[PDB]
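Visitor: Hey, dropping final07.csv in here, CSV, C-alpha atoms and all ligand atoms:
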chain,number,residue,atom,x,y,z
A,6,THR,CA,5.9,12.2,18.9
A,7,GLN,CA,7.4,10.0,16.2
A,8,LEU,CA,7.1,6.3,15.4
A,9,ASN,CA,9.9,4.0,16.6
A,10,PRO,CA,11.6,1.8,13.9
A,11,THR,CA,9.2,-1.2,14.2
A,12,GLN,CA,6.2,1.0,14.4
A,13,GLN,CA,7.3,2.9,11.3
A,14,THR,CA,7.7,-0.1,9.0
A,15,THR,CA,4.5,-1.7,10.4
A,16,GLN,CA,2.4,1.3,9.7
A,17,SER,CA,4.0,2.3,6.4
A,18,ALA,CA,3.6,-1.3,5.0
A,19,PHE,CA,0.0,-1.5,6.1
A,20,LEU,CA,-0.9,2.0,4.8
A,21,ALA,CA,0.7,1.2,1.4
A,22,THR,CA,-1.4,-2.0,1.0
A,23,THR,CA,-4.4,0.2,2.0
A,24,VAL,CA,-3.6,2.5,-0.9
A,25,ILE,CA,-3.6,-0.5,-3.3
A,26,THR,CA,-7.1,-1.3,-2.0
A,27,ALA,CA,-8.2,2.3,-2.5
A,28,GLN,CA,-6.9,2.4,-6.1
A,29,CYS,CA,-8.5,-0.9,-6.9
A,30,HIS,CA,-11.8,0.7,-5.8
A,31,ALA,CA,-10.9,3.6,-8.1
A,32,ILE,CA,-10.5,1.1,-11.0
A,33,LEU,CA,-14.0,-0.2,-10.2
A,34,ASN,CA,-15.3,3.4,-10.2
A,35,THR,CA,-13.9,4.0,-13.7
A,36,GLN,CA,-16.5,3.8,-16.4
A,37,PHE,CA,-17.5,4.9,-19.9
A,38,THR,CA,-20.6,4.7,-21.9
A,39,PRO,CA,-20.8,4.2,-25.7
A,40,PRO,CA,-22.0,7.2,-27.8
A,41,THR,CA,-25.4,7.0,-29.4
A,42,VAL,CA,-23.5,5.6,-32.4
A,43,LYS,CA,-21.1,3.0,-30.8
A,44,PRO,CA,-17.8,3.0,-32.8
A,45,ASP,CA,-15.7,0.1,-34.0
A,46,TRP,CA,-13.3,0.2,-31.1
A,47,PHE,CA,-15.7,0.5,-28.1
A,48,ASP,CA,-16.3,-3.1,-27.3
A,49,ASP,CA,-12.6,-4.1,-27.4
A,50,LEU,CA,-11.5,-1.2,-25.2
A,51,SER,CA,-14.3,-1.9,-22.8
A,52,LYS,CA,-13.2,-5.5,-22.5
A,53,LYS,CA,-9.7,-4.2,-21.5
A,54,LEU,CA,-11.3,-2.1,-18.8
A,55,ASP,CA,-13.3,-5.2,-17.6
A,56,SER,CA,-10.0,-7.1,-17.4
A,57,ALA,CA,-8.4,-4.4,-15.2
A,58,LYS,CA,-11.6,-4.4,-13.0
A,59,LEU,CA,-11.3,-8.2,-12.7
A,60,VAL,CA,-7.7,-8.0,-11.4
A,61,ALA,CA,-8.7,-5.2,-9.0
A,62,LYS,CA,-11.5,-7.4,-7.6
A,63,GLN,CA,-9.0,-10.2,-6.9
A,64,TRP,CA,-7.2,-7.9,-4.6
A,65,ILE,CA,-10.3,-6.3,-3.0
A,66,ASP,CA,-12.0,-9.7,-2.4
A,67,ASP,CA,-9.2,-12.1,-1.7
A,68,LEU,CA,-5.5,-11.0,-1.6
A,69,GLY,CA,-5.8,-7.5,-0.2
A,70,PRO,CA,-7.4,-8.3,3.2
A,71,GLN,CA,-4.9,-11.1,3.6
A,72,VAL,CA,-1.7,-9.1,2.8
A,73,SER,CA,-2.9,-6.2,4.8
A,74,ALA,CA,-3.8,-8.3,7.9
A,75,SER,CA,-0.5,-10.2,7.8
A,76,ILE,CA,1.5,-7.0,8.6
A,77,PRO,CA,0.1,-6.3,12.1
A,78,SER,CA,-0.6,-9.9,12.9
A,79,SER,CA,3.1,-10.7,12.4
A,80,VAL,CA,3.8,-8.3,15.3
A,81,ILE,CA,0.7,-9.2,17.5
A,82,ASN,CA,1.3,-13.0,17.2
A,83,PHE,CA,5.0,-12.8,18.1
A,84,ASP,CA,4.3,-11.0,21.3
A,85,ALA,CA,3.5,-13.8,23.7
A,86,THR,CA,6.6,-15.9,23.0
A,87,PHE,CA,8.8,-12.8,22.8
A,88,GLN,CA,7.7,-11.6,26.2
A,89,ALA,CA,8.0,-15.0,27.9
A,90,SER,CA,11.4,-15.5,26.3
A,91,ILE,CA,12.9,-12.2,27.5
A,92,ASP,CA,11.3,-12.7,31.0
A,93,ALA,CA,12.8,-16.1,31.2
A,94,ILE,CA,16.3,-14.7,30.3
A,95,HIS,CA,15.9,-12.1,33.0
A,96,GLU,CA,15.0,-14.7,35.5
A,97,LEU,CA,17.9,-16.9,34.5
A,98,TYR,CA,20.2,-13.9,35.0
A,99,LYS,CA,18.7,-13.1,38.4
A,100,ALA,CA,19.2,-16.8,39.5
A,101,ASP,CA,22.9,-17.1,38.3
A,102,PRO,CA,24.2,-13.7,37.3
A,103,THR,CA,27.9,-14.9,37.1
A,104,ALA,CA,27.1,-17.9,34.8
A,105,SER,CA,29.4,-18.2,31.9
A,106,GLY,CA,30.8,-20.9,29.6
A,107,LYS,CA,29.2,-23.3,27.1
A,108,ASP,CA,28.9,-26.1,29.7
A,109,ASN,CA,27.0,-23.9,32.1
A,110,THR,CA,23.3,-24.9,32.4
A,111,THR,CA,22.1,-21.3,32.7
A,112,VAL,CA,24.0,-20.4,29.5
A,113,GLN,CA,22.6,-23.5,27.8
A,114,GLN,CA,19.0,-22.6,28.7
A,115,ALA,CA,19.4,-18.9,27.6
A,116,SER,CA,20.9,-20.2,24.3
A,117,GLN,CA,18.0,-22.6,23.8
A,118,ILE,CA,15.5,-19.8,24.5
A,119,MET,CA,17.1,-17.4,22.0
A,120,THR,CA,17.6,-20.1,19.4
A,121,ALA,CA,13.9,-21.0,19.5
A,122,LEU,CA,12.9,-17.3,19.4
A,123,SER,CA,15.2,-16.8,16.4
A,124,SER,CA,13.6,-19.8,14.6
A,125,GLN,CA,10.2,-18.2,15.2
A,126,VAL,CA,11.5,-14.9,13.7
A,127,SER,CA,12.8,-16.8,10.6
A,128,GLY,CA,9.3,-18.2,10.1
A,129,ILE,CA,7.9,-14.7,10.3
A,130,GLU,CA,10.5,-13.5,7.8
A,131,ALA,CA,9.4,-16.2,5.4
A,132,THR,CA,5.8,-15.3,5.9
A,133,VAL,CA,6.3,-11.7,5.0
A,134,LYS,CA,8.5,-12.6,2.1
A,135,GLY,CA,5.8,-14.9,0.9
A,136,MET,CA,3.2,-12.1,1.1
A,137,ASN,CA,5.4,-9.8,-0.8
A,138,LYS,CA,5.8,-12.5,-3.5
A,139,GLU,CA,2.0,-12.8,-3.7
A,140,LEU,CA,1.7,-9.1,-4.1
A,141,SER,CA,4.4,-9.2,-6.7
A,142,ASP,CA,2.7,-11.9,-8.7
A,143,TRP,CA,-0.7,-10.1,-8.5
A,144,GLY,CA,1.0,-6.9,-9.6
A,145,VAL,CA,2.4,-8.5,-12.8
A,146,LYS,CA,-1.3,-9.3,-13.7
A,147,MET,CA,-2.4,-5.7,-12.9
A,148,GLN,CA,0.5,-4.3,-14.8
A,149,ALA,CA,-0.5,-6.4,-17.9
A,150,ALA,CA,-4.1,-5.2,-17.7
A,151,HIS,CA,-2.9,-1.6,-17.2
A,152,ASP,CA,-0.5,-1.7,-20.1
A,153,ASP,CA,-3.2,-3.1,-22.4
A,154,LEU,CA,-5.7,-0.4,-21.4
A,155,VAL,CA,-3.1,2.3,-21.9
A,156,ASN,CA,-2.1,0.9,-25.3
A,157,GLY,CA,-5.6,0.5,-26.4
A,158,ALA,CA,-6.6,4.1,-25.6
A,159,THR,CA,-3.4,5.3,-27.2
A,160,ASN,CA,-4.0,3.4,-30.5
A,161,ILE,CA,-7.6,4.7,-30.7
A,162,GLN,CA,-6.5,8.3,-30.0
A,163,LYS,CA,-4.0,8.0,-32.8
A,164,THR,CA,-6.8,7.4,-35.4
A,165,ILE,CA,-8.7,10.6,-35.0
A,166,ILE,CA,-6.4,13.1,-36.6
A,167,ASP,CA,-8.3,16.3,-35.7
A,168,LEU,CA,-8.2,15.8,-31.9
A,169,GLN,CA,-4.5,15.4,-31.4
A,170,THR,CA,-4.0,18.9,-29.8
A,171,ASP,CA,-6.9,18.4,-27.3
A,172,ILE,CA,-5.7,14.9,-26.4
A,173,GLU,CA,-2.3,16.3,-25.5
A,174,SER,CA,-3.9,18.9,-23.3
A,175,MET,CA,-6.1,16.3,-21.5
A,176,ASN,CA,-3.2,14.0,-20.9
A,177,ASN,CA,-1.1,16.8,-19.5
A,178,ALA,CA,-3.9,17.6,-17.0
A,179,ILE,CA,-4.3,13.9,-16.3
A,180,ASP,CA,-0.6,13.5,-15.6
A,181,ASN,CA,-0.7,16.5,-13.3
A,182,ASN,CA,-3.7,15.1,-11.4
A,183,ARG,CA,-2.2,11.6,-11.1
A,184,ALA,CA,1.0,13.1,-9.7
A,185,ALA,CA,-0.8,15.3,-7.2
A,186,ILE,CA,-3.1,12.4,-6.0
A,187,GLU,CA,-0.1,10.1,-5.8
A,188,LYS,CA,1.7,12.6,-3.5
A,189,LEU,CA,-1.2,12.7,-1.2
A,190,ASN,CA,-1.1,8.9,-0.8
A,191,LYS,CA,2.7,8.6,-0.6
A,192,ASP,CA,2.8,11.3,2.0
A,193,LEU,CA,0.5,9.2,4.2
A,194,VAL,CA,2.3,6.0,3.6
A,195,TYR,CA,5.6,7.6,4.7
A,196,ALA,CA,4.2,9.6,7.6
A,197,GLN,CA,6.2,9.3,10.8
A,198,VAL,CA,3.5,9.8,13.3
A,199,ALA,CA,0.7,7.4,14.4
A,200,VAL,CA,-2.1,7.6,11.9
A,201,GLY,CA,-4.7,6.5,14.4
A,202,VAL,CA,-7.7,4.3,13.9
A,203,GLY,CA,-9.9,6.8,11.9
A,204,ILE,CA,-8.4,5.6,8.6
A,205,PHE,CA,-10.6,6.1,5.5
A,206,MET,CA,-10.6,5.8,1.7
A,207,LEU,CA,-12.0,8.6,-0.5
A,208,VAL,CA,-12.9,7.1,-3.9
A,209,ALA,CA,-14.2,9.3,-6.7
A,210,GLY,CA,-15.3,9.1,-10.3
A,211,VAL,CA,-14.1,12.2,-12.1
A,212,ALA,CA,-16.1,13.4,-15.0
A,213,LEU,CA,-13.7,13.8,-17.9
A,214,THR,CA,-16.6,14.7,-20.3
A,215,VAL,CA,-19.7,16.9,-20.2
A,216,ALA,CA,-21.8,13.7,-20.4
A,217,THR,CA,-22.1,12.5,-16.8
A,218,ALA,CA,-21.6,8.9,-15.7
A,219,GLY,CA,-24.2,6.7,-17.3
A,220,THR,CA,-25.2,9.0,-20.2
A,221,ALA,CA,-24.1,8.6,-23.8
A,222,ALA,CA,-20.4,9.1,-24.5
A,223,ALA,CA,-19.5,9.7,-20.8
A,224,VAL,CA,-16.0,9.0,-19.4
A,225,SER,CA,-15.4,8.9,-15.6
A,226,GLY,CA,-11.8,8.5,-14.5
A,227,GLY,CA,-11.2,7.1,-11.0
A,228,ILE,CA,-9.1,8.6,-8.2
A,229,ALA,CA,-8.7,7.5,-4.6
A,230,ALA,CA,-6.8,8.8,-1.6
A,231,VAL,CA,-6.3,7.5,1.9
A,232,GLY,CA,-6.4,9.7,4.9
A,233,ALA,CA,-7.0,9.7,8.7
A,234,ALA,CA,-8.1,12.0,11.5
A,240,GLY,CA,-4.5,15.4,5.4
A,241,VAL,CA,-7.0,14.3,2.7
A,242,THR,CA,-10.5,15.7,2.4
A,243,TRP,CA,-13.2,15.8,-0.2
A,244,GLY,CA,-12.6,19.6,-0.5
A,245,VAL,CA,-8.9,19.0,-1.1
A,246,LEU,CA,-9.7,16.5,-3.8
A,247,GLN,CA,-12.1,18.9,-5.5
A,248,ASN,CA,-9.6,21.7,-5.5
A,249,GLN,CA,-7.0,19.5,-7.1
A,250,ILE,CA,-9.5,18.3,-9.8
A,251,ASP,CA,-10.4,22.0,-10.3
A,252,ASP,CA,-6.7,23.0,-10.5
A,253,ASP,CA,-5.9,20.3,-13.0
A,254,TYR,CA,-9.0,19.9,-15.1
A,255,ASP,CA,-10.8,23.2,-14.9
A,256,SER,CA,-9.3,24.3,-18.3
A,257,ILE,CA,-10.0,20.9,-19.9
A,258,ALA,CA,-13.6,21.0,-18.9
A,259,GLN,CA,-13.9,24.3,-20.7
A,260,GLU,CA,-12.2,22.9,-23.8
A,261,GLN,CA,-14.3,19.8,-23.8
A,262,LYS,CA,-17.5,21.9,-24.2
A,263,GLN,CA,-16.2,23.0,-27.6
A,264,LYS,CA,-16.2,19.5,-28.9
A,265,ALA,CA,-18.8,17.0,-30.0
A,266,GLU,CA,-19.9,14.4,-27.4
A,267,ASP,CA,-18.2,11.5,-29.3
A,268,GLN,CA,-15.1,13.6,-29.6
A,269,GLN,CA,-14.9,14.5,-25.9
A,270,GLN,CA,-15.0,10.8,-25.2
A,271,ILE,CA,-12.0,10.0,-27.5
A,272,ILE,CA,-10.1,12.9,-25.9
A,273,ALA,CA,-10.7,11.5,-22.4
A,274,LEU,CA,-9.8,7.8,-23.1
A,275,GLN,CA,-6.5,7.8,-21.1
A,276,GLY,CA,-8.6,8.6,-18.1
A,277,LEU,CA,-9.8,5.0,-18.2
A,278,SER,CA,-6.3,4.1,-16.9
A,279,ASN,CA,-5.9,6.9,-14.3
A,280,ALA,CA,-6.9,4.4,-11.6
A,281,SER,CA,-4.7,1.6,-12.8
A,282,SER,CA,-1.7,3.8,-13.1
A,283,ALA,CA,-2.3,4.7,-9.5
A,284,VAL,CA,-2.5,1.0,-8.5
A,285,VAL,CA,0.8,0.4,-10.4
A,286,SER,CA,2.4,3.1,-8.4
A,287,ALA,CA,1.0,1.8,-5.1
A,288,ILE,CA,2.3,-1.7,-6.0
A,289,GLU,CA,5.7,-0.1,-6.4
A,290,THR,CA,5.5,1.6,-3.0
A,291,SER,CA,4.1,-1.5,-1.2
A,292,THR,CA,6.8,-3.7,-2.5
A,293,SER,CA,9.4,-1.3,-1.2
A,294,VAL,CA,7.9,-0.8,2.3
A,295,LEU,CA,7.1,-4.5,2.6
A,296,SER,CA,10.9,-5.1,2.0
A,297,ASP,CA,11.5,-2.6,4.8
A,298,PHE,CA,9.2,-4.6,7.0
A,299,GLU,CA,10.8,-7.9,6.2
A,300,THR,CA,14.1,-6.1,7.1
A,301,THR,CA,12.7,-5.2,10.5
A,302,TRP,CA,12.4,-8.9,11.2
A,303,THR,CA,15.6,-9.9,9.6
A,304,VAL,CA,17.5,-7.4,11.8
A,305,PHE,CA,15.8,-8.7,14.9
A,306,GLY,CA,16.5,-12.3,13.9
A,307,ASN,CA,20.2,-11.5,13.4
A,308,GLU,CA,20.4,-9.7,16.8
A,309,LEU,CA,19.0,-12.9,18.5
A,310,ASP,CA,21.5,-15.0,16.5
A,311,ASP,CA,24.3,-12.8,17.8
A,312,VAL,CA,23.3,-13.5,21.4
A,313,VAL,CA,23.3,-17.2,20.6
A,314,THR,CA,26.7,-17.0,19.0
A,315,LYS,CA,28.1,-15.1,22.0
A,316,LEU,CA,26.9,-17.6,24.6
A,317,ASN,CA,28.3,-20.5,22.6
A,318,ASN,CA,31.7,-18.7,22.5
A,319,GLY,CA,31.8,-18.5,26.3
A,320,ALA,CA,30.1,-15.1,26.9
A,321,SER,CA,28.8,-14.4,30.4
A,322,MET,CA,25.1,-13.9,31.1
A,323,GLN,CA,26.3,-10.5,32.4
A,324,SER,CA,27.5,-9.5,28.9
A,325,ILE,CA,24.1,-10.7,27.4
A,326,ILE,CA,21.9,-8.9,29.8
A,327,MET,CA,23.5,-5.6,28.6
A,328,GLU,CA,22.7,-6.2,24.9
A,329,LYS,CA,20.1,-4.1,23.1
A,330,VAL,CA,17.4,-6.9,22.9
A,331,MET,CA,17.5,-7.4,26.7
A,332,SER,CA,17.3,-3.7,27.4
A,333,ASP,CA,14.4,-1.7,28.9
A,334,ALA,CA,14.3,0.6,25.8
A,335,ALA,CA,13.8,-2.4,23.5
A,336,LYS,CA,11.1,-3.8,25.7
A,337,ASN,CA,9.2,-0.5,25.7
A,338,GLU,CA,9.6,0.0,21.9
A,339,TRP,CA,8.3,-3.5,21.3
A,340,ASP,CA,5.4,-2.9,23.6
A,341,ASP,CA,4.6,0.3,21.7
A,342,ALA,CA,4.8,-1.6,18.3
A,343,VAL,CA,2.4,-4.3,19.5
A,344,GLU,CA,-0.1,-1.6,20.6
A,345,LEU,CA,0.2,0.2,17.2
A,346,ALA,CA,-0.2,-3.1,15.5
A,347,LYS,CA,-3.3,-4.0,17.5
A,348,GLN,CA,-4.9,-0.6,16.5
A,349,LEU,CA,-4.3,-1.3,12.8
A,350,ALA,CA,-5.5,-4.8,13.0
A,351,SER,CA,-8.9,-3.7,14.3
A,352,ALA,CA,-9.1,-0.4,12.5
A,353,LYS,CA,-12.4,-0.2,10.6
A,354,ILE,CA,-11.5,1.6,7.4
A,355,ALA,CA,-14.3,3.7,6.0
A,356,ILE,CA,-14.9,3.9,2.2
A,357,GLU,CA,-16.7,7.0,0.9
A,358,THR,CA,-17.5,7.1,-2.8
A,359,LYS,CA,-18.6,10.1,-4.8
A,360,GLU,CA,-18.8,11.4,-8.4
A,361,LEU,CA,-16.8,14.6,-8.9
A,362,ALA,CA,-16.6,17.0,-11.8
A,363,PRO,CA,-14.3,20.0,-12.4
A,364,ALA,CA,-15.6,23.6,-12.1
A,365,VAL,CA,-17.4,25.4,-14.9
A,401,LIG,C1,11.5,-7.2,18.3
A,401,LIG,AS1,11.3,-6.1,16.7
A,401,LIG,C2,10.6,-7.1,15.2
A,401,LIG,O1,10.3,-4.7,17.1
A,401,LIG,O2,12.9,-5.5,16.2
Just give me the structure as structure tokens.
Ligand SMILES: C[As](C)(=O)[O-]
Guide:
Amino acid sequence: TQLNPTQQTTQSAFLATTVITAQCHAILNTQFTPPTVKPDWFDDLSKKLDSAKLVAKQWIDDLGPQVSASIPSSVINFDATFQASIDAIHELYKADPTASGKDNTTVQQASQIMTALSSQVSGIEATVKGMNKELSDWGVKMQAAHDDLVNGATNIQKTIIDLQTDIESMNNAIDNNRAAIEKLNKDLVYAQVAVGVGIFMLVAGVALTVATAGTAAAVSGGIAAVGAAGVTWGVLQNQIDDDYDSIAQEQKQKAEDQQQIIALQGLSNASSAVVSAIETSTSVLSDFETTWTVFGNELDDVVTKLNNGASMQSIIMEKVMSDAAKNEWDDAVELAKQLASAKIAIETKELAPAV
């Protein structure tokens, strides 16, 4: 069975911010080690990686947990007043089911109940919008760091005239792998069934050189995918194998220092993935804001109707007052509670393509 509209935007928004977190961890799992003879460009490119890692940590340590928690708590924290409000309206109707007219006290109370509930929705709208603005601002900083890393690698790669053909091959495989991993994550974000509570993050370094992480001239690109009880470590290995198997063979033909230069775009695999995840999050956070805006305007419509002389009878038939809406809301709250307490596992490994 499928997610109802409020469930869908709740879950999608939350999973998308969880992908940002996963890819920030992937940035932190990106690394490279100088060759035995450290070249002119190493320190400056390393600083650019450090800058990307710094921005990643701001999300992991501060902004991320706050944005991600705001999505379910907006639903959870609205529940008590929403229920009491709808119950009060039902009770008003039961006591005076023919009440109509702006001077009728039942109408007046119903109007005041829905006006106050709408004012609460407007506050929630602003809260979500503010969160999406904080994400936006942070994402500008991450984009800057990403662009600087990309451009740094690109300029270095231009200066070694012999390797241009191998760099092209590596960067084709890198683009292929990025796209494949991105699809795994986007598929989850946009899934239309309940993900459950077994949500996890798979974070890998990917050897792009013969030299393993920590040894001279090594390059380790980062990848991450979110899944739930569908991503697996075996799936990630088969993709790495699919995309990089041939590059791993080619890299063995090259000197250690050369393999490193060929792999330098890998240092921004993780940050390109974070940039994509920022894109997706901004979109589904707008969808989530829209969930609240729609609801707010529905309540406003009830207020307008009452003030123009509508009967309570006409109001009790509206969508917001209906049994279906109550049951969808109740299901959205439950979904949101499960997300808010979900304990998201992080598993970290170092992977290499096949030989
Ligand atoms: C009451 As609602 C935010 O699920 O439309």
Visitor: If we count all atoms listed in the file, what is near residue 76 (chain A) at a cut-off of 8 Å, once residues fewer than 6 positions away on the same chain are taken out, given as an NGL selection string?
Guide: :A and (15 or 18-19 or 133)
Visitor: Counting all atoms listed in the file, which protein, DNA or RNA residues come within 9 Å of ligand LIG 401 (chain A), given as a list in words?
Guide: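 With all atoms listed in the file and a cut-off of 9 Å, ligand LIG 401 (chain A) is contacted by residues 9, 10, 11, 12, 79, 80, 83, 84, 87, 126, 298, 300, 301, 302, 303, 304, 305, 306, 308, 330, 335, 336, 338, 339, 340, 341, 342 and 343 of chain A.
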Visitor: Given the choices A:137, A:110, A:124, A:156, which gets closest to residue 291 (chain A) if the distance is worked out from only C-alpha atoms?
Guide: A:137
Visitor: Please check which residues have atoms at most 12 Å from (-5.3, 13.8, 5.6) in the file's coordinates, counting all atoms listed in the file, and write them as number ranges by chain.
Guide: A: 186, 188-194, 196, 200-201, 203-207, 230-234, 240-246
Visitor: Smallest atom-to-atom distance to residue 88 (chain A): which of A:209, A:73, A:118, A:136, using all atoms listed in the file?
Guide: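 Of A:209, A:73, A:118, A:136, the one nearest residue 88 (chain A), counting all atoms listed in the file, is A:118.
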Visitor: Just the number, please: distance in Å from CA of residue 163 (chain A) to CA of residue 249 (chain A), one decimal.
Guide: 28.3 Å
Visitor: Can you measure CA of residue 283 (chain A) to CA of residue 253 (chain A) for me? One decimal in Å is fine.
Guide: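 Computed distance, CA of residue 283 (chain A) to CA of residue 253 (chain A), equals 16.4 Å.
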Visitor: Using only C-alpha atoms, pick whichever of A:269, A:208, A:95, A:89 has the shortest atom-to-atom distance to residue 165 (chain A).
Guide: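 So, comparing all the options, the nearest one is A:269.
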Visitor: Calculate how many Å separate CA of residue 145 (chain A) from CA of residue 55 (chain A), rounding to one decimal.
Guide: 16.7 Å
Visitor: Using only C-alpha atoms, which residues sit within 8 Å of residue 104 (chain A) once same-chain residues fewer than 5 positions away are excluded, as a ChimeraX atom specification?
Guide: /A:98,109,111-112,321-323
Visitor: Pick out the closest residue to residue 357 (chain A) from this set: A:27, A:257, A:224, A:54. Count all atoms listed in the file.
Guide: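 The answer is A:27, which sits nearest to residue 357 (chain A).
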Visitor: Tell me which of A:256, A:117, A:125, A:75 sits closest to residue 313 (chain A), counting all atoms listed in the file.
Guide: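 Ranking A:256, A:117, A:125, A:75 by distance to residue 313 (chain A), first place goes to A:117.
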Visitor: Could you pull region 157-170 of chain A out of the structure I just pasted and write it to a file containing C-alpha atoms, as a PDB file, in the first residue's frame?
Guide:
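Everything below was put into out.pdb:
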ATOM      1  CA  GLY A 157      41.607  22.549  -9.111  1.00  0.00           C
ATOM      2  CA  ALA A 158      41.690  18.944 -10.296  1.00  0.00           C
ATOM      3  CA  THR A 159      40.892  20.001 -13.843  1.00  0.00           C
ATOM      4  CA  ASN A 160      43.736  22.513 -13.992  1.00  0.00           C
ATOM      5  CA  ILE A 161      46.274  20.004 -12.655  1.00  0.00           C
ATOM      6  CA  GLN A 162      45.048  17.335 -15.072  1.00  0.00           C
ATOM      7  CA  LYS A 163      45.583  19.759 -17.926  1.00  0.00           C
ATOM      8  CA  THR A 164      49.287  20.090 -17.153  1.00  0.00           C
ATOM      9  CA  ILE A 165      50.347  16.466 -17.686  1.00  0.00           C
ATOM     10  CA  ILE A 166      50.164  16.163 -21.455  1.00  0.00           C
ATOM     11  CA  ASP A 167      50.699  12.396 -21.695  1.00  0.00           C
ATOM     12  CA  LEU A 168      47.783  11.303 -19.517  1.00  0.00           C
ATOM     13  CA  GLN A 169      44.938  13.039 -21.322  1.00  0.00           C
ATOM     14  CA  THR A 170      43.517   9.824 -22.801  1.00  0.00           C
TER      15      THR A 170
END
